[PDB]
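Asker: So that we are looking at the same thing, I have put the structure below in structure tokens.
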Amino acid sequence: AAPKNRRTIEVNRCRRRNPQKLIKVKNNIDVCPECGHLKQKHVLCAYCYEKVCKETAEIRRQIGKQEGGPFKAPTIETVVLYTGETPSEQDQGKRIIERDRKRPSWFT
Amino acid sequence: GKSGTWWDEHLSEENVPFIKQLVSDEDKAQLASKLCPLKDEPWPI
Amino acid sequence: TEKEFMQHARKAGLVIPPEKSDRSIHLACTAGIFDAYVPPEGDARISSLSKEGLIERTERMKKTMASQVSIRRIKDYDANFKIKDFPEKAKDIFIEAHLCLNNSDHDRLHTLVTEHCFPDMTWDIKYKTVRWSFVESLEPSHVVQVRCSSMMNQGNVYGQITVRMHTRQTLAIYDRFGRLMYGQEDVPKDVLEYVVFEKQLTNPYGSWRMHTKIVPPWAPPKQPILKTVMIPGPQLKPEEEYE
Amino acid sequence: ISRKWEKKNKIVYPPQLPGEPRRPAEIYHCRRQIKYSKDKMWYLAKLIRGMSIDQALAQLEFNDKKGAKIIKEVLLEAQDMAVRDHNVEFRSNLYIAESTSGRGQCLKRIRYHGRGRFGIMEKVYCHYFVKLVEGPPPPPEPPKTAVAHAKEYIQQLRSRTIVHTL
Amino acid sequence: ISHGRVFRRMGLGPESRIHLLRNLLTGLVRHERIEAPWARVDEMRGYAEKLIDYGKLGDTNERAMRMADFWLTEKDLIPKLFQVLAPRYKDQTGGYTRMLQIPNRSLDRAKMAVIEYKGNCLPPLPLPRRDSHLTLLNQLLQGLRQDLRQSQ
Amino acid sequence: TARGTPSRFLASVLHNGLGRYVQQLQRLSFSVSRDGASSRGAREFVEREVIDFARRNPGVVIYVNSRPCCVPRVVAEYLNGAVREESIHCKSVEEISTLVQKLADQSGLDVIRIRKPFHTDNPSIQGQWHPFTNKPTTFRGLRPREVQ
Amino acid sequence: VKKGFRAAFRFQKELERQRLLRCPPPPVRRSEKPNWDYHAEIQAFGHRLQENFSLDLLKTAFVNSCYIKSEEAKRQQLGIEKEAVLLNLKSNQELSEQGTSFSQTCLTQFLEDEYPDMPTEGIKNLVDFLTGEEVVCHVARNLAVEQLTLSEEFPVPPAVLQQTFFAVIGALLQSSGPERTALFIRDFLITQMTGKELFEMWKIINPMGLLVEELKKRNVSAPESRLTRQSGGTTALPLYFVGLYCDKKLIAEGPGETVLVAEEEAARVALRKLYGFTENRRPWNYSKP
Amino acid sequence: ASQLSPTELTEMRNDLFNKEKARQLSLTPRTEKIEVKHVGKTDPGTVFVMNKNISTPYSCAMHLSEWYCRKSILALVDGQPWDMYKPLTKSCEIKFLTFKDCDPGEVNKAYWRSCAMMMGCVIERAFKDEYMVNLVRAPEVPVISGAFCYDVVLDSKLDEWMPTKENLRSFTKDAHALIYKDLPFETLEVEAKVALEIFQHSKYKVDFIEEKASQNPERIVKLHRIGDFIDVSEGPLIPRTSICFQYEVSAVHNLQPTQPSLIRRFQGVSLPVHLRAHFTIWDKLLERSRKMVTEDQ
Ligand SMILES: [Mg+2]
Ligand SMILES: [Zn+2]
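Chains as they are written, first to last, in PDB author numbering: chain 0, 79 to 186; chain E, 43 to 87; chain d, 52 to 294; chain T, 47 to 212; chain O, 9 to 160; chain b, 2 to 149; chain c, 31 to 319; chain 7, 32 to 328.
This is how it looks when you write it as structure tokens:
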């Protein structure tokens, strides 16, 4: 195929400036009760997500430092702790993984 | 501007089943009320 | 099909005069002040002519003797110089400097003041307009301390003269758009300041230029801002805030 | 190379009179040499246009493009320079008045086709212009109803007179 | 035409798709948290439900043992799955593996999601909590409910 | 063409033909060079006929700046405020005389399109025509297809 | 490079023209320009009107009190004493008042001898419109006397322009005879009423009230409205013709889109016909007796 | 207390209120800087430098973002309820609230009081000028109640009629028209003396002002203004009036065995724009609010 002429700037404007190709304005942006870093409906907040991801990464680092080599997988449940906090009576058969910081207010 | 909204947005955890049961009973009663149309005011046959 | 971008420069002034060279820099001032003058605590209460002398007048006599020997030194180095008409000279120099700063004058303000207080009076005002004006002077100005240094770095000495001043000024700082921001219009407010003048003695000419101004710690607060200032806290990174 | 957009923030105005309005502020800011396409930057500018700064930041934070974060940082630094230097107290009382895109300096490379021929690879570059004005954002132009069209038609039929004689 | 047909294709065929799903299932059994596209995590949850069901059905069964040995390429995860995740859900049926949606990725901007089992020693994800039972609409609904209860 | 240049109407500046006729031209600033071969016509004009041109109409003031230039020009201002500046570069005495006479005879209106050379202020005398003209009125103005 | 200078000069002139066209500078008065002469302009203005003015009266009328105040303020703020010409300027107030009174009485006399059927309010509004600010400002701008008026403000407010116009009118009255100034103000004011509608210069509110008052003053009963012709009563573009009948006799007729505007137009036509100021009246005789 | 047209009374009321506001804003000399702190939860450790008796909490929220201005109804100042349009005095701490919070009680009370005041304002201008009307008070009903009430005394000639659905529809249309225009709830801590001196007409308003000023030794009431109407209410209110998205009045109930004359008690339900529901819940709340409800004891 080969054009016989040349498209004009008017046709280009009518083709690229149509409301179909323009980005639509979404109305799903709100605020978050906690922290508040501009979230969206049906979507988790990035701030708390990053916080829990960092916490899970630290817990996995501590587990790997306690386990040592690969190919382990204990046959008992696990429970994480923080500064102080003596182990309860119903947490005897569970693996204790203590950290080195205070307990956050969003983890009970 | 005005954002999107539905019916189960601003409801608590103990109000959605209540509203569901209420509207279900309401539509069931409305369907049962229109069971005998001849005894009301029927048009001449 | 083999071309790149040029123009590789930096926006930072590093050191390059004294790196393997035989030409130094002939300055005309210094860094800060030689000795900080300490005004009396009861200056506002005893703002009249004179009062009763305090106990142990040895320190004031020693300061007077130091001022006298500094005056003797600056007279032996350069004769023909008065002291009584020096406060009036400092007053008119300050007045003409404020006037040329109000009229947006630089080629004259550079020689009226020193190389130290010029940025402090031209930085946060370059994009703003001022309506400063002198109305009337109250208490006459007097000299409180006369000192001089003897730095033998490049053979240049200076003579800072701390001369107090108390008068009434009219400040009116607008904005770059034409709206008011800081001071009001014609308001004859009362405020005092301690201004020191420094002159390069070793210079073959030498002009009495305003060095800087020292503010006492017990000075009353300035007038508030006409707008609202917001002071946000630190950026809360994904961790925890303990404060 | 010409640079006249970053210098509009130095236009000093004379002091106004007490019998004059407030006059909104004008903040100009733009970046140079941005690895992006001008069409996508213009699409983002058309998405922004005349809206609030907070709404623009919210729309750009969830915009899955490359220049979205760039425009977000541009708006952030412009608001910062406005509240620090342009004498702006309110952070949410701003709106974008003008927002367009330009074209940057381009280079030339090769493409390597499937024979001895080739193409001219022109490194496309662009910029981004934006202006911040204080005060509340102006409301959009409402569509004219049938009353406006009727009045205009009546005015057009009343304005016509005799023609081609006297 | 794909009416009433799921089985979202991912790899170069059914074998590659099953291998990727098995790898995702092994990673979910090990780390208990994996971020991946919505279709991948959906299929992973759909397979993990039946995996938990088969692990709960019994341990001495050869069918469940072979299925656990096939769907787990790390071996050590089989005793864990049979002695931790099986006695945990002894009171639940098929109510587990909660799915939550995340925004996008900082690489190709793709829709992803994160799923995890119940309980979980790891800190829980920020769940989209509903409004409290003290707002105006909730208080009006509670008042209407109390009124219709006292009137009945 | 007419679709590329603006147009106006044909009208008087302040009704000169009704009351009394006044001179529209006011000042004539001439710029004749001292030495050169491009202002000989203007020099001869100022030498021989500028006195007669000034004495012909007392309502026109003639200014001779005599500035050493290269292109002789003339500024003509009218009552309405229009300023038409033309150049008399290399022209004879008769040409300059005809030009200044045409400038003095005209007014300050534009030399664009005339648009309708005839203009009247009271076009309707015996009543302007309307669609109801030449139509007789029926009894009581009864419209057709009625009963009363 | 391209050798040349004439083409470069023409291009620079074109650039300067584009610069002055895009950024229009504030216009300056004709007095501050080099090619300007006050006495020559005064003589030209005196000779172009086919009259016989005087230099002293024109120099006294072409000034203002604001100009004298500005001059004395400028001479006092600097220090130069000029009391040998400033104290003999003589403001143009009494001459302006005399010219205003003469113009008013001449216009009233003309409207009385030409339109005998004009009431007091009608002739009052006519002489107020003829002496209005807009008409005198337009006449002064077309006569090129604003550049000769010595006063502050370049655009010149309408008050000062009307004042100096009345002042030069009074000067012409004091110089020449009354008939010359009468013919002058006639030819320079009444020529503006050509083609203009009567009520456009009067601007009444209730034409029916004044119409019935004039009819009661003419021993007439009371007018009543009747629908003559009509076209389209249910469409968006209606047309009606209301005819005023007095004692079973038509007097006028007025069209309109509705019935109210049609009756108003009919009343206006009847009132203009009763006053004798119609479109078929005798035109003003611009001749000499 | 004398014969006054139904225009000059509100004229003198609003001009006296404007004079009082001018005196309050001119009582302070210059602009005193205050240090108000933000002890919320979203952005902790934020201190603002505002003015004294000039700055408003809405202007303080404008320094943050547009969300803090779109989702804000009542402010918490040292544990006391504070609206968004009220100048501050001393330096302390501020906290913003919203409808979708943990314990939304003060915001709900303020919204109910604002809706009652708006209903009173829209009903005090929908009667005949020949029939005198009086406004008793606005009793604080709990959120569990069906609809808020507002006692209005009519004329003695109208003690036997019942408003049909047309009057209710007209009242709802007038309420929607009043909500369409943006009119803030301008309040001011007016002294009780001048507060009772401005009225001096309806005895019910004077008695209400006396009862609300007899509880505090400072003798300071809380007056509000909606464009050109002055009413006496308790506590703060809502900032803007465009928050109410759905407004509809139920019916009316008349109590007789309590006072010789006949008094009217109108009810109504309202829902904000942030907590809008569907049509089913709307008609349910409309039908449930038509019942008689009282919580005066
Ligand atoms: Mg694929
Ligand atoms: Zn969050």
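Even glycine gets a Cβ: it sits at the ideal position worked out from N, Cα and C.
Ordered along the chain, which non-local residues of its own chain (more than five positions away) have a Cβ less than 6 Å from that of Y97 (chain c)?
Answerer: So the list reads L180, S181, once near-sequence residues are dropped.
Asker: Where does the unbroken alpha helix (DSSP H) through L199 (chain 7) begin, and where does it stop?
Answerer: It spans 196–211 - the alpha helix (DSSP H) in which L199 (chain 7) sits, taken as one unbroken run.
Asker: Distance cutoff 7 Å, beta carbons only. Does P124 (chain b) sit that close to anything in chain T?
Answerer: Yes, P124 (chain b) counts as interfacial toward chain T.
Asker: CB of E112 (chain 0) to nearest heavy atom of ligand 2: below 6 Å?
Answerer: The answer is yes for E112 (chain 0).
Asker: Who pairs with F185 (chain d) in a beta bridge, going by DSSP?
Answerer: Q220 (chain d).
Asker: Evaluate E62 (chain c) with the Cβ neighbour count: other Cβ atoms within 10 Å of its Cβ, from every protein chain shown; 16 or more gives buried, anything less gives exposed.
Answerer: Per the 10 Å Cβ criterion, exposed.
Asker: Grab the span of the beta strand (DSSP E) containing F179 (chain 7) for me, first residue to last.
Answerer: First-last of the beta strand (DSSP E) with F179 (chain 7): 179–184.
Asker: Under 7 Å, do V65 (chain b) and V47 (chain b) count as touching if we go by C-beta distance?
Answerer: Cβ distance < 7 Å, so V65 (chain b) and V47 (chain b) count as in contact.
Asker: Under 7 Å, do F260 (chain 7) and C180 (chain 7) count as touching if we go by C-beta distance?
Answerer: The answer is no: Cβ separation not under 7 Å.
Asker: Any chance you could list the residues with Cβ under 7 Å from a heavy atom of ligand 1, keeping chain order?
Answerer: Working through the chain, the matches are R17 (chain O), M18 (chain O).
Asker: Any idea if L209 (chain 7) is buried or exposed, counting beta-carbon neighbours within 10 angstroms, 16 or more meaning buried?
Answerer: It counts as buried.
Asker: Short of 8 Å in beta carbon distance, which residues of its chain neighbour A32 (chain 7), apart from the five on each side in sequence? Order them along the chain.
Answerer: The residues are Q231, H232.
Asker: Of all Cβ atoms in chain b, is any one closer than 7 Å to the Cβ of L203 (chain T)?
Answerer: No, no contact with chain b.
Asker: Name, in chain order, the residues that DSSP records as bridge partners for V300 (chain 7).
Answerer: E279 (chain 7), per the DSSP bridge assignment.
Asker: For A128 (chain T), is the classification buried or exposed, using 16 other Cβ atoms within 10 angstroms of its Cβ as the cut-off for buried?
Answerer: That one is buried.
Asker: Give me the Cβ distance between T105 (chain O) and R53 (chain O), rounded to the nearest whole Å; I'm assuming they're in contact under 8 Å.
Answerer: Their Cβ separation, rounded to whole angstroms, is 5 Å, which keeps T105 (chain O) and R53 (chain O) in contact under 8 Å.
Asker: Just checking: is the beta-carbon of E63 (chain 7) within a distance shorter than 7 Å of some beta-carbon in chain T?
Answerer: No, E63 (chain 7) does not count as interfacial toward chain T.
Asker: Please list the partners that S75 (chain E) has in chain 0, where partner means a Cβ-to-Cβ separation under 9 Å.
Answerer: Correct list: empty, because the minimum Cβ distance to chain 0 is about 39 Å.
Asker: On a Cα-Cα basis, can you pick out the residue from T2 (chain b), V72 (chain b), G5 (chain b), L19 (chain b) that is closest to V33 (chain b)?
Answerer: Measuring from the Cα of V33 (chain b), the nearest candidate turns out to be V72 (chain b).
Asker: Closer than 7 Å by beta-carbon distance: list the chain T residues that pair up with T121 (chain b), in chain order.
Answerer: Within 7 Å Cβ-Cβ: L212.
Asker: Quick one: which chain 0 residues come within Cβ less than 9 Å of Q91 (chain O)?
Answerer: Per Cβ cutoff of 9 Å: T153, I154.
Asker: Between which two residues does the alpha helix (DSSP H) containing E190 (chain d) stretch?
Answerer: No alpha helix (DSSP H) contains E190 (chain d), which DSSP labels as neither H nor E.
Asker: Under 8 Å, with one C-beta from each stretch per pair, do the segment 94–101 of chain T and the segment 138–157 of chain T reach the 3-pair mark?
Answerer: They touch, by the three-pair rule.
Asker: Measuring CA to CA, which of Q149 (chain b), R57 (chain b), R116 (chain b), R41 (chain b) is closest to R4 (chain b)?
Answerer: Here the closest residue by C-alpha is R116 (chain b).
Asker: Using a Cβ-Cβ cutoff of 7 Å, what residues of the segment 125–158 of chain O are near chain E? List them in chain order.
Answerer: If the cut-off is 7 Å between Cβ atoms, the segment 125–158 of chain O has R138, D139, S140, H141, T143, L145, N146, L149, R153 near chain E.
Asker: Where do the ends of the alpha helix (DSSP H) carrying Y245 (chain d) lie?
Answerer: Counting along the chain, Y245 (chain d) falls outside any alpha helix (DSSP H), though it belongs to the beta strand (DSSP E) covering 240–249.
Asker: Taking only the alpha-carbon atoms, compute the straight-line gap between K81 (chain T) and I94 (chain T) and give it to the nearest angstrom.
Answerer: Rounded to whole angstroms, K81 (chain T) to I94 (chain T) spans 20 Å at the Cα level.
Asker: Taking the continuous alpha helix (DSSP H) assigned at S75 (chain E), which residues delimit it?
Answerer: It spans 58–75 - the alpha helix (DSSP H) in which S75 (chain E) sits, taken as one unbroken run.
Asker: Do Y125 (chain 0) and ligand 2 come close, with the Cβ less than 6 Å from some heavy atom?
Answerer: Yes, ligand 2 has a heavy atom inside 6 Å of this Cβ.
Asker: For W113 (chain 7), which residues in the same chain have their Cβ closer than 6 Å to its Cβ, ignoring the five residues on either side in sequence?
Answerer: So the list reads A106, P267, once near-sequence residues are dropped.
Asker: Could you tell me the boundaries of the beta strand (DSSP E) in which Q79 (chain T) lies?
Answerer: Counting along the chain, the beta strand (DSSP E) containing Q79 (chain T) begins and ends at 72–80.
Asker: I need the straight-line Cα distance from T139 (chain b) to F133 (chain b), nearest angstrom please.
Answerer: Cα to Cα, the separation comes out at about 13 Å.
Asker: Return the chain-ordered list of same chain residues with a C-beta closer than 6 Å to the C-beta of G76 (chain c), the five sequence neighbours on each side being excluded.
Answerer: Within the same chain, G76 (chain c) has close Cβ partners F83.
Asker: Please go through the same chain and pick out, in chain order, the residues whose beta-carbon is closer than 7 Å to the beta-carbon of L26 (chain b), but skip the five residues on each side of it.
Answerer: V61, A77, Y79, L104, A105.
Asker: Is the beta carbon of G114 (chain 0) less than 7 Å from the beta carbon of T129 (chain 7)?
Answerer: No.
Asker: Using a Cβ-Cβ cutoff of 7 Å, what residues of the segment 203–214 of chain c are near chain b? List them in chain order.
Answerer: Per Cβ criterion, the list is empty.
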